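This report concerns only the one structure given below.
There are 2 protein chains.
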Amino acid sequence: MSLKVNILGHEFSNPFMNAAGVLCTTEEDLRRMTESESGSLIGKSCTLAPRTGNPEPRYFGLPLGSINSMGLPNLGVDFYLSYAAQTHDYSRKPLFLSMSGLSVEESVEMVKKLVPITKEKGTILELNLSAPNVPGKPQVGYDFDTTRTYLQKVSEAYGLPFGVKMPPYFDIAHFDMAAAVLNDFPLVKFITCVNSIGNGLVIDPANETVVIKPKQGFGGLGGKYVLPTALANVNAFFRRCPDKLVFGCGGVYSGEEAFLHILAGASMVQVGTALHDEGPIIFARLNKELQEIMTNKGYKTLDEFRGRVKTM
Amino acid sequence: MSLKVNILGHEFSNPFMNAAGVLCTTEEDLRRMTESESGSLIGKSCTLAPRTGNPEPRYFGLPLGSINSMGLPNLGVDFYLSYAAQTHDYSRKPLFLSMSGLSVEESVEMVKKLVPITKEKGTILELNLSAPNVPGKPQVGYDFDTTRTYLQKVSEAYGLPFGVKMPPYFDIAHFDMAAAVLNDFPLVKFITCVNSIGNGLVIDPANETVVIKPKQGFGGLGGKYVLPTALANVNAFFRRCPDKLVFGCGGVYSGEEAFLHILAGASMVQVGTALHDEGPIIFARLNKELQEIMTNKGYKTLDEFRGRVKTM
Ligand SMILES: Cc1cc2nc3c(=O)[nH]c(=O)nc-3n(C[C@H](O)[C@H](O)[C@H](O)COP(=O)(O)O)c2cc1C
Ligand SMILES: Cc1cc2nc3c(=O)[nH]c(=O)nc-3n(C[C@H](O)[C@H](O)[C@H](O)COP(=O)(O)O)c2cc1C
Ligand SMILES: O=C1C[C@@H](C(=O)O)NC(=O)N1
Ligand SMILES: O=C1C[C@@H](C(=O)O)NC(=O)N1
Numbered sequence: 005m006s007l008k009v010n011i012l013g014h015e016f017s018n019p020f021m022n023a024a025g026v027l028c029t030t031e032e033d034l035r036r037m038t039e040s041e042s043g044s045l046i047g048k049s050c051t052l053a054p055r056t057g058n059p060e061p062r063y064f065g066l067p068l069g070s071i072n073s074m075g076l077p078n079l080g081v082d083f084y085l086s087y088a089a090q091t092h093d094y095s096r097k098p099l100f101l102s103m104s105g106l107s108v109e110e111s112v113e114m115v116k117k118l119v120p121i122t123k124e125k126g127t128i129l130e131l132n133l134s135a136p137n138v139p140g141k142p143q144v145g146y147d148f149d150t151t152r153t154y155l156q157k158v159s160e161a162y163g164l165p166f167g168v169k170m171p172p173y174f175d176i177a178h179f180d181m182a183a184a185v186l187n188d189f190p191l192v193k194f195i196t197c198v199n200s201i202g203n204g205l206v207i208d209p210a211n212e213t214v215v216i217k218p219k220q221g222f223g224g225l226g227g228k229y230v231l232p233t234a235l236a237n238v239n240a241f242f243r244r245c246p247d248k249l250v251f252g253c254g255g256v257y258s259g260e261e262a263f264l265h266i267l268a269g270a271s272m273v274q275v276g277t278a279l280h281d282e283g284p285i286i287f288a289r290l291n292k293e294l295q296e297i298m299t300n301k302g303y304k305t306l307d308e309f310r311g312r313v314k315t316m
Numbered sequence: 005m006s007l008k009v010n011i012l013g014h015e016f017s018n019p020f021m022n023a024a025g026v027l028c029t030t031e032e033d034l035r036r037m038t039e040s041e042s043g044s045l046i047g048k049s050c051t052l053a054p055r056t057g058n059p060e061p062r063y064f065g066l067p068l069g070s071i072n073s074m075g076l077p078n079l080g081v082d083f084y085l086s087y088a089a090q091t092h093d094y095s096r097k098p099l100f101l102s103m104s105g106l107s108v109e110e111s112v113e114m115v116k117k118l119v120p121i122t123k124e125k126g127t128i129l130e131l132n133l134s135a136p137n138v139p140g141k142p143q144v145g146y147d148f149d150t151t152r153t154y155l156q157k158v159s160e161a162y163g164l165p166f167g168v169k170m171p172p173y174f175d176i177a178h179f180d181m182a183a184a185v186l187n188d189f190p191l192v193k194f195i196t197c198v199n200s201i202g203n204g205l206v207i208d209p210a211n212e213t214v215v216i217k218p219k220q221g222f223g224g225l226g227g228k229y230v231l232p233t234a235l236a237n238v239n240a241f242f243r244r245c246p247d248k249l250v251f252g253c254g255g256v257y258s259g260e261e262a263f264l265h266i267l268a269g270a271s272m273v274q275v276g277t278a279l280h281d282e283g284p285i286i287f288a289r290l291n292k293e294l295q296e297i298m299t300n301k302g303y304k305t306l307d308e309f310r311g312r313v314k315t316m
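First to last, the protein sequences are chains A and B. In my numbering, each number is its position in the first sequence, counted from 1, plus 4. In my numbering, each number is its position in the second sequence, counted from 1, plus 4.
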């Protein structure tokens, strides 16, 4: 069976890539993702200038996933642009860059720099509208006026196909409102559902203390916590945004979860917490497991079942 | 040693009660809750007229909790009012009633009927601003203008202290905005955090079909999925609304989870999915387990640690 995905003129060997933020901050990280069996990779959500991020501890692995408040530690846009222009081996796989300016002005400055490199190399933009661990910066995706402004200014500045990393929604009316904004921007060719379930709290019963230092212990949840939310968001936008692709992100630990994401509507499938836990070898495993399911069900390609989840 | 709680003018034997919607729809349900070891109980979220709710299947037990789209099945406000006025044994424990009118006009008519019964019997109101499984009805709590209207009109019609059942928030700006609205209504004396994580989607990989019938498989998540979200919401409102109580609801399966809720600021702890799984015997187990933790830590009362979660 074929795991191939054909989107934006590119051939991807399989639907798997890292979730933005995991194994993608440094040159070494990005090398390891390139050498892995993943179909693609994405750079850390970057800002105009470098950031060291939040104080420690800011990450904690959980039995059911992860909580983090990293605070967008990144080497700055120039580093990732340079990686995309000079270092990355495009013969191995295509590259995405995530950009997370803390203002529309910052985002505009950054994407303008990407234009020449997208034209030359084919580097793909994911605009992050859901960074939940920066003190004093609300998630853009939870204000539809602000979301409209970002999409307007970035569409105009970048002028090329791009995608958006969205926060999870939990209300039908929000799925509708979000889709209505997204559908006004034709250059938005993909939607990544979802970012962390924002601002959860984990407390250690032994010492009666929170497990992360920033924001009084409040951090984004990933892993097993997020699968049903992720599947819901993937399916909601798959149906509401037929002119666009949907990328799935959340709760993928196995080919089974990957299969469910694709059944829900996903084109690419991103792996965060599970990759942080296991390392890039996970991609070899995911390919094997997804192949096995497709073999068992007699699916020859992903296109035979993408978005074909059955309702009652 | 004592699990006792003194709030809203009552002594509660212990902090435990059912989550609204679980073991509280029929007279038989309410009898079993009253006979249980629970410190209190709350009636099913009711409407002006009876409802039978959504078609089957509308509930599905999961390894990590539950998904439901019940659709507010209830015997109508008159039934729960008559239970409160005539049937309930107040010498056993205090009674809460949840009310979830599908419009502000419906809510007003309902709470007006409760006034004489609160005055006579001491019945407590929990206004549901987070009912996520009624098609065409957005969650009131995710619209702060609508929330303000409900609180204004109910404050006016009811005119006595009451509480609110809130949806989970995932963004610091939303915690701020929610608290700003709540803090404008002095009659709001408690905040229950949280209702289900709304509009999750569960898919069976074997038959490639959603597991519940209503809303294309979309339903509220309960159980292990929601504990970090619940703790965060409890603590966020505990800090932002110092003139109000907070009740904890989400992911309680054991004395340990109860302990964490109370540490975060919970006065009362509600049990949903776990109670559905185990039946009312769980309250005897929870009392024993909580006391065990307190014994090990050398605490004699809940007041020794309620709201005393430590940050770094
Ligand atoms: C350590 C860590 C760092 C992350 N950094 C980013 C980031 O820079 N940009 C982003 O859009 N999402 C970031 N995320 C969120 C993930 O991309 C992903 O949306 C989320 O973890 C859910 O996927 P999962 O269930 O596979 O973990 C980060 C998550 C983790 C755990
Ligand atoms: C079968 C079922 C019915 C529910 N009905 C109601 C309801 O009528 N009103 C309400 O406010 N919450 C209702 N809920 C939500 C619960 O009160 C609770 O907030 C949620 O399940 C999270 O708690 P848990 O993790 O202990 O399940 C219901 C949940 C379930 C599972
Ligand atoms: O988009 C983001 C940003 C990242 C961080 O905190 O750096 N962590 C997240 O969970 N999501
Ligand atoms: O508040 C509510 C309503 C209930 C239902 O659907 O009846 N189910 C829920 O999960 N929460």
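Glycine is no exception: its CB is placed at the ideal position from the N, C-alpha and C atoms.
Residue i, buried or exposed, once every other Cβ within 10 Å from all chains shown has been counted against 16
i, result
"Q274/A", "buried"
"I285/A", "exposed"
"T151/B", "buried"
"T315/A", "exposed"
"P218/A", "buried"
"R310/A", "buried"
"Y229/A", "buried"
"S40/B", "buried"
"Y173/B", "buried"
"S111/A", "buried"
"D175/A", "buried"
"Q143/A", "buried"
"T122/B", "buried"
"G163/B", "exposed"
"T153/A", "exposed"
"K248/A", "buried"
"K304/B", "exposed"
"residue 2/A", "The structure shown has nothing for residue 2/A, since chain A only spans 5 to 316."
Per-residue DSSP class, three states only, for residue i
i, result
"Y94/B", "coil"
"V275/A", "strand"
"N237/B", "helix"
"residue 360/A", "The shown model of chain A, from 5 to 316, leaves out residue 360/A, and the question about it has no answer."
"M21/B", "strand"
"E212/A", "coil"
"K248/B", "coil"
"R289/B", "helix"
"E113/A", "helix"
"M170/B", "strand"
"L267/A", "helix"
"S6/B", "coil"
"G145/A", "helix"
"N187/B", "coil"
"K314/A", "strand"
"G57/B", "coil"
Unbroken beta strand (DSSP E) run spanning residue i, endpoints
i, result
"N78/B", "Taken as a continuous stretch (DSSP letters only), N78/B belongs to no beta strand (DSSP E), as it is neither H nor E."
"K193/B", "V192 to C197"
"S102/A", "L99 to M103"
"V9/B", "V9 to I11"
"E130/B", "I128 to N132"
"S70/A", "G69 to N72"
"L45/B", "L45 to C50"
"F309/A", "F309/A -> no beta strand (DSSP E), and no H or E assigned at all."
Span of the alpha helix (DSSP H) around residue i
i, result
"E31/A", "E31 to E39"
"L66/B", "Segment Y63 to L66 is the beta strand (DSSP E) holding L66/B; no alpha helix (DSSP H) there."
"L155/A", "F148 to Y162"
message: As a quick check of your reading: which residues have a C-beta less than 6 Å from at least one non-hydrogen atom of ligand 4, in chain order?
response: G25/B, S49/B, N72/B, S73/B, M74/B, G75/B, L76/B, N132/B, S134/B, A135/B, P136/B, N137/B, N199/B, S200/B and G224/B
message: For the structure I just gave you, are there three or more beta carbon pairs, one from the region 119–139 of chain A and one from the region 195–206 of chain A, closer than 8 Å?
response: yes
field: Meets three-Cβ-pair contact criterion under 8 Å: the region 209–229 of chain A and the region 169–180 of chain A
entry: The region 209–229 of chain A is not in contact with the region 169–180 of chain A.
message: Under 8 Å, with one C-beta from each stretch per pair, do the region 229–241 of chain B and the region 261–270 of chain B reach the 3-pair mark?
response: yes
- request: Would you be able to state if there are at least three C-beta pairs under 8 Å between the region 9–20 of chain A and the region 49–66 of chain A?
  value: Segments in contact, no.
- prompt: Counting pairs of beta carbons, one from the region 21–36 of chain A and one from the region 87–106 of chain A, are three or more of them closer than 8 Å?
  reply: Taking 8 Å as the limit for Cβ pairs, the verdict is that the region 87–106 of chain A does touch the region 21–36 of chain A.
field: Touching by the beta-carbon criterion (3+ pairs, under 8 Å), the region 71–81 of chain B and the region 36–55 of chain B
entry: yes
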